[PDB]
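Trainee: I'd like to ask you about the structure that follows.
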Amino acid sequence: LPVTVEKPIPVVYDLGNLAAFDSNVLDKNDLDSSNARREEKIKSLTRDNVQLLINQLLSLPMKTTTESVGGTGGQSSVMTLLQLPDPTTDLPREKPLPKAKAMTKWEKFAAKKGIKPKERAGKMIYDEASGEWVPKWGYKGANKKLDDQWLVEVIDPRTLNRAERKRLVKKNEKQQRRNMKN
Amino acid sequence: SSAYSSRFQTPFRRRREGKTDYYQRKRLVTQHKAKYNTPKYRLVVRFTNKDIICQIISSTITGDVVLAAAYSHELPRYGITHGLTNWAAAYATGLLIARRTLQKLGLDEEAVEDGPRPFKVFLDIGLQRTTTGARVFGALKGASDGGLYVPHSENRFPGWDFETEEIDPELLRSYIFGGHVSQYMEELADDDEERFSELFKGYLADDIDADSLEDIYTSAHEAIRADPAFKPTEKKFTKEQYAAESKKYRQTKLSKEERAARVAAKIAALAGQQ
Amino acid sequence: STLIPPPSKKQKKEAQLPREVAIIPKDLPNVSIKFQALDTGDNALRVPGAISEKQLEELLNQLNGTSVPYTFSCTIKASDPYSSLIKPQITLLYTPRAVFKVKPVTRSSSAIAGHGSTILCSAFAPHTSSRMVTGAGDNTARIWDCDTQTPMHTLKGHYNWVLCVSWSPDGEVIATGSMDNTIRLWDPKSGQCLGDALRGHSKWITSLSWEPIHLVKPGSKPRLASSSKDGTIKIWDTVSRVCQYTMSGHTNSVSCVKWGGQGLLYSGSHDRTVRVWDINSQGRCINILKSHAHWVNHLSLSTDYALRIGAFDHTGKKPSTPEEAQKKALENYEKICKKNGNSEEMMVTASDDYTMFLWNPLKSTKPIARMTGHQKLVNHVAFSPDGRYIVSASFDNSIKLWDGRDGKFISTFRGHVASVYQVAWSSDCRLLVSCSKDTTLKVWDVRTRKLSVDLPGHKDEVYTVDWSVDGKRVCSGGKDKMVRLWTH
Amino acid sequence: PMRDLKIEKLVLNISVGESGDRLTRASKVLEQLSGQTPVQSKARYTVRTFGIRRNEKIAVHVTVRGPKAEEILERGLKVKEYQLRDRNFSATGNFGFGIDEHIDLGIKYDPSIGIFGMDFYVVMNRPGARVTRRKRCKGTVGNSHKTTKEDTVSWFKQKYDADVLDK
Amino acid sequence: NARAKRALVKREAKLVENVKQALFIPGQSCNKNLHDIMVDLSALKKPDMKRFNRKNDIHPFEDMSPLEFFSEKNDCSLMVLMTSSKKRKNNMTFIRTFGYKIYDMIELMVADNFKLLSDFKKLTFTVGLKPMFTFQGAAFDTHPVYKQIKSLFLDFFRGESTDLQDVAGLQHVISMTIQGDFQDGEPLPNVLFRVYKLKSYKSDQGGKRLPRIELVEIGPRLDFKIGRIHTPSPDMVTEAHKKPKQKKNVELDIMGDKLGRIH
RNA sequence: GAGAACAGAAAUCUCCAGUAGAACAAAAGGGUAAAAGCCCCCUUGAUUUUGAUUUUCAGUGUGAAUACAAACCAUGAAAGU
RNA sequence: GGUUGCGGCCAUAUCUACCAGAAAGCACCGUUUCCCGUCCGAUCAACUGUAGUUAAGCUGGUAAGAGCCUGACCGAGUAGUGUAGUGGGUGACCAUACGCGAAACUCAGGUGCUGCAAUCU
């Protein structure tokens, strides 16, 4: 029936952690290990603190919406969610900050020459005779067209083509290791 | 090998038993789970012979609690005494659990701000299959029709089309008012009364027809709607005498003197040269 | 998607700090306050300590010896109703409720299939929140069971579009005014042709109405009225199966008609004119009302809630004797008929001049007030169930809420994107549902004048809407050939 | 009253490792004798001596259960003149054999197909394999209600009256 | 296939981290009491916690290879060792690691009046709810080992973080208070651990706003005796406690509208 | 292991013994099982819109790259993934 | 006390040769027209509680079985190893005082605890 709580020294709060920290004192003779009626003291001490914490939480600003069935984002019109201040508890991280900051022999060249990074528009190209689109890679890429193309007009000449293909592919994948090591 | 009886790891208890899918249960138990803190609830439904079971479940660190529950055999007291496992029996069980819950929590007839907050529940199918037009989803449809709010879809109902996306309500209406059981009744009774005699034996005890059975289901829906009270059976011949009788029929263990006596008799009789 | 600007650095420091523990702590003034009603009453100047609002209800109920709570309003300043002395002798007004609360309409059931055409009109049943009939653009109509969401007694008979549907306030007659210029009565239980159609009109049927229960001799059948583009209003007796007589005041099309409470009829037409008939003089016109600038549409009255429920209450205790039905109608009518203690029912007329008119037909042919403010043609209007408010839906994506007594402005409900088509008050004056030319439907809380829930789900625009009688379901439908029931 | 010897299933198999038309003919004799659609089979690897590859479409069989399964069982047991051996009975209590010239039961010559035969196998049991066949509460059977060889050998030297064939 | 690279992405060092994984490894000495205390603790870290089955002869304050190997191989940052001895009865070794390096270790001793979940009136719970925290005594603002244990328990139990908190999901509360008052030099007091479940009853004196509370125990109830500690290296502290990095006379009002001041 | 006509040492079948000794875009810490293994059905992916990093001569409202988020898109009855 | 549904702790809960189980619960069990899937209604689907029996399935017990589990000065306050003195041997690597802190062997003992709800002569 009584609601308020008083303390000679007022508590401090971490309202994002739903937690409170106390600078008040205990009494050894209220909670001695040899004391039978002992946990009544913890109860009569911490009921006041959870009182003050619910008191600070229900005095918060809140959040409401107007949504409906199948709400894919969040709450609905019936939910009402309090908005908590952010934590001030500085508690450590478990892994350092993931800083992979190098340049790797192309970014430096593109900086020391006026090359701008390209626009990254589409995967597909346009075929002429026929009139399909047939992407340049991703599905039946226009690279692998000399593969099935029947007659070649002057060693089998398509095998050389695949040989050069994999030549450049492996040069790229080699320079990959070169940049990773340096 | 003793090493082969020693080295391996066993599944959990209810996993050695065929009762619980722990994978699906984890997919249930970790709700979202990065957004908010709203407690989850569950609607468990099981289909055996002669029993349809439906319950509302809220888990805990002790392991589980049942908030409400219904069993296919209260339907006599509202007016369903036959076919306690069909699609309409499932509809009735779900409608009963819905109305029971919404009366017991007092909807009609710390969250101090607002408000009604329609009740949320997720259907747990258990080890049951997911086949088009089943009676688990009949109980689901009945539960939702009763007034609960259960997220679900519209392809797992009797009549839905795999050809295109439509759900014919005629076949649903028949499956609610026993049109299937009654069309089967007619297709059997027009020809033979031996299969029709064995089958529908209570229906020859009470002389029921197809239109009358649709009538029974119609009346019984609003009969459930009227008073879903769930008073328990009156408990005749109670628990202490129950346990005394079960104790009488139950076997017991032994004592160390009994075991030493068995060992002595055996190794002195059949071990000393016959 | 556009977002809300995130907070600032200092704005987060204002969040981390404590805030405003409120205790209503001590809290002892020698405070003075005077009670008052709204029409006339003022019943007196004391010095208490504190009190709660529920306790104001209790104290007034004990001072008058009623044993129903009230709503309490102070300092009639936007009229804001230790919770009423914190925003700054106090003037307090007490206003009864007829307390019967229902849950808002939030979720959805599934879209019921059926006829393959654009649904046109809809109507629940007055005596059961489980029965509904709609008339679709197809040459038929349909009745649905709402409790398992399945059709029931697919009804046929008309040979054109079934424009207007109506229910009889007793629960026996479903009248389907068809585009073919006749009507057909229907049996809500079997769906058989009650004889044949009630022919007599020339151009397509538009609207229908019924005599209220408190105006039929106990043991006699109710009568209907029907209007068409012809410009006349034909009376119909349910059992004679012939028209009795016609009233022919207007020249152009008559849009809607309504069978008022004290034995009168009202008809607005496309003649920018509203005309009043007395029926006990064999259907004679008395008052012509020429105050509009463009043709008038959807004339409405005050007590249509009582004129429509038909002695059925918000519980559903079906009638025992015709005399019991008559006494029920009389009580449920006088509940809101003599609000100030004088038998009063008003009329509100909307028209394309972007204005609306308040009318008191017993009093004069002058209007009381003219409400302006809309920017496109006003399409629909409705009085509140308690007769305390008016609302209007226009074609400029807005809704306007009025004072239902002296015709004042209060606020505008905003949020719709295309034109608004029709609204529906709650059963308990609490919420207000609206459907519009966009996909969504919406509901509004009239207390704080804000939107509670918007709810989508359709494939095209919506044409019809209506709440239940008890406040359980709301029915929808339009150009997507699907019915939808919306509940809590 | 329950440890009976019901006839469970008869599998008629033809394993001719050919991806041609002889397999089609085996399937058509399965269609015109058993009726139901014949299910095919493939090859796990290469052997270079049996004439196969991986997924070679080597065999085809049909499983029939019930009254018609009993019918084909009695017809194929009559063709062997009721002469079955003390082997050909799996220690768990099932049997099988083979007869060529499928004019022995059913079809006629009709050289439009050739001639083949149905490698039979009759699987037998007691009633009660549902605990080892169903999904919820899938357990084991008991050595009490586990069927064995010689009891069904007696149930077989019952009607259709086989000869002893080496005890 | 790609499920393998999904794991490496999940084990990447994130801008702001995910939930904390905690591991429970058995020591070389164990009893029913100690194992059951372990399990009544792990009944709170679900469903984000891993446990080993077979025992392990590991010494925390002595060697440091297998502990870092374990914390890596399970991707966990919190390690709880449950071990006993005659020299030390029921010593719980709590371990906080950062980047697979020991951030700190702490020795705790549970008393001989402990309790299991089935010792009190077993009021219902719900699996995986955010707790509430309450800290008593004046020592928790200056005392060094006390700051360590406080931050340890916070980074242990609190799970995750959000910005929207629903109001029904406030069911239980964790109370922690020292063993009376003590002054410097004299040995340390014990710290307690009480896991309640709070309820609400209308007051009629504060309005509909603030109702009264009453607490009940569900288990366990523990007293902890502090022993050996570890302290991390200053450079590792500075590194681990860093801001993730993700303007004058310029402000943002509503509707964006980046404004400015002229002065 | 028992058997099953052609058919052998491996051809194809039916039933138990099965802790992972058969498989993995893993090599260690273990194994997920009614799977992360096999087969089957539905299906895009270089989507678009703004704060952090840097660079443009319309300094050029991000024009674009990139980090992060948020609306979406796929599937599932569903919780979800 | 028996029995069923949702579970926690996940072998003191398992594997093996047998014995037994009143009632109630549940399995076995017949069917193929409706929804549903295959080569095949054995699996899933649907129907009834209709013709039957405990052989099942399930449950308890019986075994010094395998396996497993607990406590203890059971090894062992020690094996080992971190600190202080000229303790020493030239040394392989180890004496003297505080610490930290083990294991196989052996002894006693044991082969499910239960949360939430329904139900039974």
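Methodologically, a virtual Cβ is constructed for each residue, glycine included, from the backbone with ideal geometry; neighbour enumeration extends over all protein chains shown. Derivation of every value follows stated rules applied to the coordinates shown; laboratory data play no part.
Trainee: So how strong a dipole does the protein assembly as shown carry about its Cα centre when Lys and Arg Cβ are +1 and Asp and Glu Cβ are -1, to the nearest 20 debye?
Mentor: That gives a dipole near 6320 debye.
Trainee: Could I have the simple spin-label model distance between B:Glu187 and D:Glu8, label points 7 Å from Cα toward Cβ, reported in nm to one decimal?
Mentor: 3.2
Trainee: Then there is this: Looking at E:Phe114, E:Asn53, E:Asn31, which one has the Cα that reaches farthest to the positive end of the dipole of chain E (charges on Cβ: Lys, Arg +1; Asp, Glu -1)?
Mentor: E:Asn53
Trainee: Which of rounded, prolate or oblate describes chain E when judged by the alpha-carbon gyration tensor and an a/c cut-off of 1.5?
Mentor: Oblate, because a/c is 1.5 or more while a/b does not exceed b/c.
Trainee: Stretch C:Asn30-C:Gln16 to full length: gain in nm at 0.36 nm per residue minus the Cα-Cα span?
Mentor: Between C:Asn30 and C:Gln16, full extension yields 1.2 nm more.
Trainee: So, one more: Just to confirm my numbers, what's the Cα centroid distance between the range E:172-238 and the range D:67-88 in Å?
Mentor: For the range E:172-238 versus the range D:67-88, the Cα centre distance is 81 Å.
Trainee: Further question on the same structure: Determine the shielding of peptide C:19-29 by partner chains: average, over its residues, the number of Cβ atoms on other chains within 10 angstrom of each Cβ.
Mentor: 4
Trainee: Dipole of chain E (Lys/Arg Cβ +1, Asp/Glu Cβ -1, origin at the Cα centre): which of E:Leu41, E:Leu252, E:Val167 lies farthest to the positive side?
Mentor: Value: E:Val167.
Trainee: Remind me, relative contact order of the range C:317-416 in percent, using alpha carbon pairs under 8 angstrom and six or more residues apart?
Mentor: 16
Trainee: Viscosity 1.002 mPa s, temperature 20 °C: give me the Stokes-Einstein translational D for the protein assembly as shown in µm²/s, with Rh taken as the Kirkwood radius over C-alpha pairs.
Mentor: 53
Trainee: To the nearest 500 deg cm²/dmol, what mean residue ellipticity at 222 nm is calculated for chain E from DSSP H runs of n ≥ 4 alone, each contributing -39,500 (n - 2.57), summed and divided by the residues?
Mentor: -5500 deg cm²/dmol
Trainee: Could you state the number of Å between the C-alpha centres of the range D:38-60 and the range E:78-147?
Mentor: Each part's Cα centre sits 64 Å from the other's.
Trainee: Can you list the equivalent-ellipsoid semi-axes of chain C, largest first and in whole Å, using the square root of 5 times each Cα gyration tensor eigenvalue?
Mentor: 41, 28, 23
Trainee: Where in the range A:1-81 are there GluC sites (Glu not before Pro) that are in a DSSP coil and have at most 11 other Cβ atoms within 10 angstrom of their Cβ?
Mentor: When the GluC sites (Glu not before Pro) of the range A:1-81 are filtered for loop state and at most 11 Cβ neighbours within 10 Å, A:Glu6 remain.
Trainee: Taking the simple approach of a point 7 Å from Cα along Cα-to-Cβ for both E:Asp253 and D:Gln32, what is their distance in nm?
Mentor: Using points 7 Å along Cα→Cβ, the separation is 9.4 nm.
Trainee: Still on this structure, please answer the following. What ranking do C:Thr154, D:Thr147 get, fewest neighbouring Cβ atoms within 10 angstrom at the top?
Mentor: Listed from fewest to most nearby Cβ atoms, that is C:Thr154, D:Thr147.
Trainee: Turning to a different aspect of this structure: For the range C:107-487, calculate the relative contact order in percent as a whole number, restricting contacts to Cα pairs under 8 Å that are 6 or more residues apart.
Mentor: It comes to 13 percent, rounded to a whole number.
Trainee: Sort B:265-274, A:49-58 by packing, meaning the average of other beta carbons within 10 Å per residue, with the highest value first.
Mentor: A:49-58, B:265-274
Trainee: Same structure again: Roughly how far apart, in whole Å, are the Cα centres of the range E:3-40 and the range C:385-452?
Mentor: Cα centroid to Cα centroid, the span is 56 Å.
Trainee: Could I ask something else about it? Counting only other chains, and only Cβ atoms inside 10 Å, what mean value do you get across the residues of E:169-175?
Mentor: 5
Trainee: Based only on other Cβ atoms within 10 Å, what is the fewest-to-most ordering of B:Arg135, A:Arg165?
Mentor: The order, fewest Cβ neighbours first, is A:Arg165, B:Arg135.
Trainee: Would you work out the charge dipole size for chain C about its Cα centre, treating the Cβ of every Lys and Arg as +1 and the Cβ of every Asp and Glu as -1, and quote it to the nearest 20 debye?
Mentor: 920
Trainee: Right, here's the next one. Give me E:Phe157, B:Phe177, E:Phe69 sorted ascending by neighbouring Cβ count inside 10 Å, so fewest comes first.
Mentor: Going from sparsest to densest Cβ surroundings: E:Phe69, E:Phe157, B:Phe177.
Trainee: While we're here: Can you list residues whose amide H is under 5 Å from D:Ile52's amide H, if they're 5+ apart or on another chain and H is modeled 1.01 Å from N?
Mentor: So D:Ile52 has HN proximity to D:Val47.
Trainee: Give, as ranges by residue number, the residues of the range E:93-122 whose backbone N falls under 16 Å from the point 7 Å along Cα→Cβ of E:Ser85.
Mentor: So the set is E:93-94, E:106-110.
Trainee: Given contacts defined as C-alpha pairs under 8 Å and at least six residues apart, what's the relative contact order of chain D, whole-number percent?
Mentor: 30
Trainee: Can you list which of the chymotrypsin sites (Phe, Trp or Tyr not before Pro) found in the range D:101-147 are DSSP loop residues with at most 12 other C-beta atoms within 10 Å?
Mentor: Answer in residue order: D:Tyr109.
Trainee: Projecting each Cα onto the charge dipole of the protein assembly as shown (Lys/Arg +1, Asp/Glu -1 at the beta carbon, about the Cα centre), which of D:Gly93, A:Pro96, C:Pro7 comes out farthest on the positive side?
Mentor: The residue sitting most towards the positive pole is A:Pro96.
Trainee: Still on this structure, I have one more. For chain C, what does the helix formula give at 222 nm: sum of -39500 (n - 2.57) over DSSP H segments with n ≥ 4, over the residue count, nearest 500 deg cm²/dmol?
Mentor: After summing the helix terms and dividing by residue count, I get -2500 deg cm²/dmol.
Trainee: Helix-only estimate, please: 222 nm mean residue ellipticity of chain B, summing -39500 (n - 2.57) across DSSP H runs of length 4 or more and dividing by its residues, to the nearest 500.
Mentor: Estimated from H runs of four or more residues: -12500 deg cm²/dmol.
Trainee: Additional query: At q = 0.12 Å⁻¹, work out log10 I(q)/I(0) for the range E:113-263 with the Debye formula, treating every Cα as an identical point scatterer and leaving solvent out; two decimals please.
Mentor: After summing over all Cα pairs, the log10 values are -0.80.
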